[PDB]
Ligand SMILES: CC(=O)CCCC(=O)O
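Consider the single chain below, provided in structure tokens and representing the form solved without the named molecule.
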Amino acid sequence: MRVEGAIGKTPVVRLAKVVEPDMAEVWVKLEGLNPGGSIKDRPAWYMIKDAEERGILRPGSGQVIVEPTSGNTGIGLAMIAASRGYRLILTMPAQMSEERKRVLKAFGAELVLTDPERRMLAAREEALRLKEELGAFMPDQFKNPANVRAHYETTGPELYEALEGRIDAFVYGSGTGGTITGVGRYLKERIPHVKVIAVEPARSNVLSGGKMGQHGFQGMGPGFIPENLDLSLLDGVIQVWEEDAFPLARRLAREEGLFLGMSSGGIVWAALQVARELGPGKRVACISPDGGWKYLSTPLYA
């Protein structure tokens, strides 16, 4: 078996200290236990495997893959490209932290640093330029249906089975929209009453009708509504503040032994709010995108 085969089948733990007796049960699926360190291993593998199935790619070819990302998707793609023999080029703003660059380069990804003033826009442009110049494959994480399918076929089934089909609400901090859409559809097809609640940064609350903005929940809240996010599935949107989520993340680490990422703090905080609303006999499920390992030099744990 190769590393891509070690993706998924992650555990779900029930919170016991940060919750209160008047709250519904709160379960957290730990996606940080994936070989690539995050939930993005799933869509990274699926988008590449989907491309192979469609004939766009064939493993061990050395073909080029390009994507404008320096986040978990970049790490996941880098891992898969290293394992299956693809040349990966990742475009990103020149102000990228050395720590993250080292992780990507460790996997053999080639990095193209773009105009720091043009932020994501310049990264996207360079990725498109390379796709055109090299005839490369661009996963296109925000609009590729295979992203959603990864969660519809693996994440969703896993969560449903682990919790024995007993879930009253699913809470998640949306990034590309793949997870909430894939898991959301899977759960709604089987649980008539289940509520699907999206979580976003109050500082970049576009789903709530607000405005995009800079925030500290790395990995979630892209500042726009992605094509992979099915808005018709949502039963609500909860806005979260770093001021509330970071202290909660620290509590999870010290009280539950759960050392999670920045987005996890926001997601669990929202899940707790939902848990109090539903009450004692209910079950709230949410997902932790990644662990705290990549964030020791951030205000969350610094």
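So that there is no doubt, residue numbering starts at 1 and follows the sequence shown.
**Q** Please work out which of 242 to 250 and 30 to 38 has the higher mean CA B-factor as recorded in the PDB entry.
**A** Mean B over CA atoms: larger for 242 to 250.
**Q** Would you tell me which stretch averages the higher CA B-factor in the PDB entry, 93 to 101 or 123 to 131?
**A** It is 93 to 101 that shows the higher mean C-alpha B-factor.
**Q** For the listed residues 172, 137, 142, 160, which one has the largest C-alpha B-factor as given in the deposited model?
**A** Among 172, 137, 142, 160, the highest C-alpha B-factor in the entry belongs to 160.
**Q** Check where residue 200 lands among this chain's C-alpha B-factors and tell me if it's the lowest, middle or highest third.
**A** Its C-alpha B-factor belongs to the lowest third of this chain's values.
**Q** If you rank every modelled residue in this chain by C-alpha B factor, which third holds residue 189: lowest, middle or highest?
**A** It belongs to the highest third of the chain when residues are ordered by C-alpha B-factor.
**Q** According to the PDB entry, is the CA B factor of residue 230 in the bottom, middle or top third of its chain, that is, lowest, middle or highest?
**A** Middle third - that is where residue 230 ends up once the chain's C-alpha B-factors are sorted.
**Q** Among all modelled residues of this chain, ranked by Cα B factor, put residue 294 in the bottom, middle or top third, i.e. lowest, middle or highest.
**A** Its C-alpha B-factor, which the entry lists for residue 294, ranks in the middle third among residues of this chain.
**Q** So where's residue 274 on the chain's Cα temperature factor ranking, which third?
**A** It falls in the top third of the chain.
Although it is not shown, the form deposited with the named molecule bound is what the next lines describe.
**Q** At 4.5 Å between heavy atoms, only one of the stretches 203 to 211, 163 to 171, 134 to 142, 103 to 111 reaches the named molecule in the deposited bound form; which one is it?
**A** Checking each option against the 4.5 Å cut-off leaves 134 to 142.
**Q** Has each of 73, 219 and 222 got a heavy atom lying within 4.5 angstroms of the named molecule in the deposited bound form?
**A** Checking in the deposited bound form: 73, 219 and 222 are all within 4.5 Å of the named molecule.
**Q** Residue-level question: is residue 184 within 4.5 Å of the named molecule in the deposited bound form, judged on heavy atoms?
**A** Residue 184 lies outside the contact set for the named molecule.
**Q** Should residue 34 be classed as touching the named molecule in the deposited bound form when contacts are defined as heavy atoms within 4.5 Å?
**A** Residue-level check for residue 34: no, no contact with the named molecule.
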